[PDB]
Colleague: 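Here it is: the structure, laid out below.
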Amino acid sequence: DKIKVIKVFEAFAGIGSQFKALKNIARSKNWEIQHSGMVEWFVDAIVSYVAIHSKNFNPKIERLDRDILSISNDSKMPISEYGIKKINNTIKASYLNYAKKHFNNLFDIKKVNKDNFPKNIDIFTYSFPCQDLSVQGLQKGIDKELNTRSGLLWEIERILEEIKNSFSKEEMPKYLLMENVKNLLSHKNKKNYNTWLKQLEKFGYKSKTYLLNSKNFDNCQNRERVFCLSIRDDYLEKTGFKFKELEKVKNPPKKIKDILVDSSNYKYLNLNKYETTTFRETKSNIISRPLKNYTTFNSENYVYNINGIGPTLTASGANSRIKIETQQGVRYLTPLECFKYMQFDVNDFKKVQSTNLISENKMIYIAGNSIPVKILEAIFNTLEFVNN
DNA sequence: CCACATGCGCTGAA
DNA sequence: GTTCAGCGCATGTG
Ligand SMILES: Nc1ncnc2c1ncn2[C@@H]1O[C@H](CSCC[C@H](N)C(=O)O)[C@@H](O)[C@H]1O
């Protein structure tokens, strides 16, 4: 029939917001979504990716595949030979083995080359690390010389350069999608970002940059992210694809209240010691009030009203600990609620929870690293493919 | 200079 | 090596 098979390759895959968004819109597009491959080295993300996206996977105690050597328990550092031994002969090893075998996980982007990068990819995503780009962090940036984690962007450059020479034009990925944080468009980062856009044109791609807020895509979260959607020059001509004006999109509001889960056994914060003020609403529809003498870290010092939207969920720190005011008291958004906040489903969260391998704080960590799924649904909805 | 808005962060002690 | 409570300022707009 006219079912189009869509082969997706996810670099820096995390828990697969990209794959989730494609499977969500697939039926409406008459698409069949297929794993071409992925690159993710973070043990908790990989386990969780498998939990969320597997069909009929049955975990068991297994030896770790002998070439699974570049993986990380914290997402920043490679695991030692000893840490690898500790994963060997466990249920967790089976998740890592399954990711390799069934999802074609290549684990470490540095280990990706023209000899293992799949041909004929329809959608190639690269949500590269934001650490050195985020305004919340130290802003070391992405200068090539510095070899930073956000600088792993230049590994994507390497890969494209390599495959350009060995692949036919038609074997090159059809669509590319970058995601990163808003500070990528800062004055200090523009030089590097512009250098990247010029390389993409060098590689035969036509691109558009979008700065999109999750709050405009049916979410109760202020989260501004930069996307660079690219289309291969010739495929643009063959399809007649045109870039949509996604920055003009505004959907109906959603409030924090709309995703909250009722419980009788929540832990409430004792804030009796701290002076406070009326709630105040900013232009963005964040309704918040400060806690005085709480900490010296600004972003930690706010309680949010559930009748507005909330702040960007971060993996760690202040914005991973989102305090909301409810009738029963002030509490943090829970891991379930953080999954819902990134527009994953309750069933997605239950699958990760049921693995019994991911702590509550690690579940928030991987949610905070992710992308709100309906932003991606909106972007992927604009894509065109040539009829079979 | 100011007031305001906002953050897929970092790390050392236990 | 883990883990997370305690910790600040960058990058804006007006
Ligand atoms: N050398 C490397 N190889 C593969 N993955 C890497 C890497 N360095 C960092 N990463 C991963 O890149 C990710 C950036 S966050 C991306 C999250 C993803 N878009 C999602 O849906 O959740 C992190 O999960 C981090 O573990």
Side-chain angles (χ1 to χ4, degrees), chain A residues 12-15 17-18 40 42-45 72-87 125-141 148-150 152-153 178-190 211-215 219 221-227 269 280-291 293-302 304 308-323 332 338-339 341-344 358-373 375-376:
Chain A
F12 312 108
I15 59 170
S17 55
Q18 306 96 179
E40 183 50 69
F42 181 26
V43 171
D44 302 74
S72 171
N73 278 323
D74 67 7
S75 84
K76 316 293 196 202
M77 267 197 81
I79 297 185
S80 60
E81 199 204 312
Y82 164 87
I84 295 285
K85 188 183 147 293
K86 165 69 180 315
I87 295 173
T125 66
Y126 60 115
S127 53
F128 69 100
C130 71
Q131 185 198 258
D132 308 289
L133 293 170
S134 177
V135 285
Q136 190 68 304
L138 302 174
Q139 317 209 42
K140 191 145 187 164
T148 67
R149 286 180 34 72
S150 291
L152 287 174
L153 176 60
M178 189 200 76
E179 175 269 357
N180 216 281
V181 302
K182 180 190 180 184
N183 194 59
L184 182 51
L185 305 177
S186 74
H187 299 322
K188 294 206 177 258
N189 293 324
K190 283 308 273 180
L211 176 70
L212 299 179
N213 197 323
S214 187
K215 83 176 169 149
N219 208 1
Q221 180 185 176
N222 183 74
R223 190 190 199 86
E224 293 189 83
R225 292 292 178 271
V226 180
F227 300 87
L269 300 175
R280 171 155 74 187
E281 186 173 345
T282 67
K283 176 73 77 274
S284 57
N285 187 220
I286 291 174
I287 307 175
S288 74
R289 59 181 176 82
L291 301 170
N293 304 323
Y294 184 64
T295 74
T296 59
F297 204 80
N298 164 86
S299 51
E300 196 87 48
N301 299 343
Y302 293 92
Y304 297 94
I309 70 171
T312 291
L313 185 69
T314 59
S316 65
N319 279 29
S320 79
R321 288 184 293 254
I322 300 175
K323 295 177 285 315
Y332 297 126
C338 292
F339 266 54
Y341 203 54
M342 304 296 298
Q343 295 173 316
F344 281 86
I358 318 294
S359 75
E360 287 196 301
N361 283 348
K362 280 280 188 82
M363 287 184 301
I364 296 176
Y365 196 97
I366 63 186
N369 269 348
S370 199
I371 311 172
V373 176
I375 300 174
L376 299 171

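Heavy atoms only: backbone and side chains are in, while hydrogens, waters and symmetry mates are out. Protein chains get the first letters and strands the later ones, always in sequence-line order, with residue 1 at the start of each.
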Colleague: Treat primed atoms plus P, OP1 and OP2 as sugar-phosphate and everything else as base, then score nucleotides 7-13 of chain B 5' to 3': B for base contact with protein heavy atoms under 4.0 Å, S for sugar-phosphate contact only, - for none.
Modeller: BBBBS--
Colleague: Applying side-chain hydrogen bond (donor to acceptor under 3.5 Å, both in side chains), name anything that partners A:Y332, two or more places apart in sequence or on another chain.
Modeller: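 Partners of A:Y332 under the side-chain hydrogen bond (donor to acceptor under 3.5 Å, both in side chains) test: none.
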Colleague: Nearest whole Å is fine: how far is C:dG6 P from A:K323 NZ?
Modeller: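 That distance rounds to 12 Å.
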Colleague: A:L291 has an atom CG; how far is it from atom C1' of C:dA5, in whole Å?
Modeller: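 For the pair A:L291 CG and C:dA5 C1', the rounded distance is 16 Å.
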Colleague: Based on the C1'-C2'-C3'-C4' torsion angle, does the furanose ring of B:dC8 adopt a north or a south pucker?
Modeller: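 Because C1'-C2'-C3'-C4' is positive here, the pucker of B:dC8 counts as north.
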Colleague: With A:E300, which residues qualify under salt bridge (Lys or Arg N to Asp or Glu O under 4.0 Å), at least two apart?
Modeller: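 A:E300 satisfies salt bridge (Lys or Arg N to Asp or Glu O under 4.0 Å) with A:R321 once adjacent residues are dropped.
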Colleague: Hey, can you tell me if A:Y126 and A:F128 have their rings parallel, tilted or perpendicular (30° and 60° cut-offs)?
Modeller: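 Because their plane-to-plane angle is under 30°, the rings of A:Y126 and A:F128 count as parallel.
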Colleague: Looking only at atom P, what distance separates C:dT11 and B:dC10, rounded to whole Å?
Modeller: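 Looking at atom P only, C:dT11 and B:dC10 are 15 Å apart.
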Colleague: I'd like to check the ring pair (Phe, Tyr, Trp, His ring centres under 6.0 Å) partners of A:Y341; sequence neighbours left out, ordered by chain and number.
Modeller: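 Once residues adjacent in sequence are excluded, A:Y341 has no partner under the ring pair (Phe, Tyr, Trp, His ring centres under 6.0 Å) criterion.
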Colleague: Using the side-chain hydrogen bond (donor to acceptor under 3.5 Å, both in side chains) rule, take A:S72 and A:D74 through it: C-alpha gap first, then chi angles, then the decisive distance, then the call.
Modeller: CA-CA 6 Å; A:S72 171; A:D74 67 7; 3.0 Å; yes
Colleague: With a 4.5 Å limit on heavy-atom distance, are the side chains of A:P372 and A:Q221 in contact?
Modeller: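 With C-beta onward as the side chain, the pair touches.
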Colleague: For DNA chain C, what is the dot-bracket line, given that a base pair needs Watson-Crick (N1 to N3, plus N6-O4 or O6-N4) or G-U wobble (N1-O2 and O6-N3) geometry with both distances under 3.5 Å, and | means paired with another strand?
Modeller: .||||||.||||||
Colleague: When you compare the six-membered rings of B:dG9 and B:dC10, are they both close enough (centres under 5.5 Å) and flat enough to each other (planes under 30°) to count as stacked?
Modeller: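 The answer is yes; the two bases are stacked.
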Colleague: What integer distance in Å separates A:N293:CG from C:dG6:P?
Modeller: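 Rounded to whole Å, this separation is 15 Å.
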Colleague: Expressed in whole Å, how much space separates the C1' atoms belonging to C:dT13 and B:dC8?
Modeller: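 After rounding to an integer number of Å, I get 23 Å for this pair.
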Colleague: On DNA chain C, compare the nucleotides closest to A:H187 and A:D74; which residue's is nearer the 5' end?
Modeller: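 The answer here is A:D74.
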Colleague: Using a heavy-atom cut-off of 4.0 Å across all strands, would you classify A:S80 as base, sugar-phosphate, or nothing?
Modeller: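 Answer is nothing: A:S80 stays at 4.0 Å or more from every strand.
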Colleague: If I pick the P atom on C:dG6 and the same atom on B:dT6, what distance separates them, to the nearest angstrom?
Modeller: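 The same atom, P, in both gives a distance of 26 Å.
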Colleague: In whole angstrom, what separates A:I287's CD1 from B:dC4's P?
Modeller: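 Spelled out: CD1 on A:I287 to P on B:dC4 is 18 Å.
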Colleague: Check this one for me: any side-chain N or O of A:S284 less than 4.0 Å away from OP1 or OP2 of B:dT6?
Modeller: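 Checking B:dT6 against A:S284, a side-chain N or O does come within under 4.0 Å of OP1 or OP2.
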Colleague: So do A:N222 and A:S214 actually touch side chain to side chain, heavy atoms under 4.5 Å?
Modeller: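 A:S214 does not reach A:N222 side chain to side chain.
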Colleague: Return the value, rounded to whole Å, for the distance between atom CZ of A:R280 and atom P of B:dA3.
Modeller: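 One finds 12 Å between P of B:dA3 and CZ of A:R280, rounded.
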Colleague: Could you state the atom-to-atom distance from CG of A:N361 to P of C:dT2 in whole Å?
Modeller: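 My rounded result for the distance is 15 Å.
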Colleague: Rounding to the closest angstrom, what is the interatomic distance between B:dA5 and C:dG8 at atom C1'?
Modeller: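 Between the two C1' atoms, the distance is 16 Å.
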Colleague: Any side-chain to backbone donor/acceptor pair from A:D132 onto A:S150? Under 3.5 Å, distance only.
Modeller: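 Here the side-chain-to-backbone pair exists.
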Colleague: Could you check whether A:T295 and A:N301, counting side-chain N and O atoms only, form a donor-acceptor pair closer than 3.5 Å?
Modeller: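 There is such a pair (donor and acceptor under 3.5 Å, judged by atom type) between the side chains of A:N301 and A:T295.
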Colleague: Could you tell me how far apart A:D44 (CG) and C:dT2 (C1') are, to the nearest whole angstrom?
Modeller: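 To the nearest whole Å, that distance equals 12 Å.
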Colleague: Can you check the A:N301 CG to B:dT6 P distance for me, whole Å?
Modeller: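 Distance check: A:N301 CG to B:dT6 P gives 16 Å.
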Colleague: Applying salt bridge (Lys or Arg N to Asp or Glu O under 4.0 Å), can you list everything that pairs with A:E40, at least two apart in sequence or on another chain?
Modeller: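 Salt bridge (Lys or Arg N to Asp or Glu O under 4.0 Å) list for A:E40, sorted by chain: empty.
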Colleague: For A:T282, report the nucleic acid contact type (base, sugar-phosphate, nothing); a contact means any heavy atom under 4.0 Å.
Modeller: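 It contacts sugar-phosphate atoms only.
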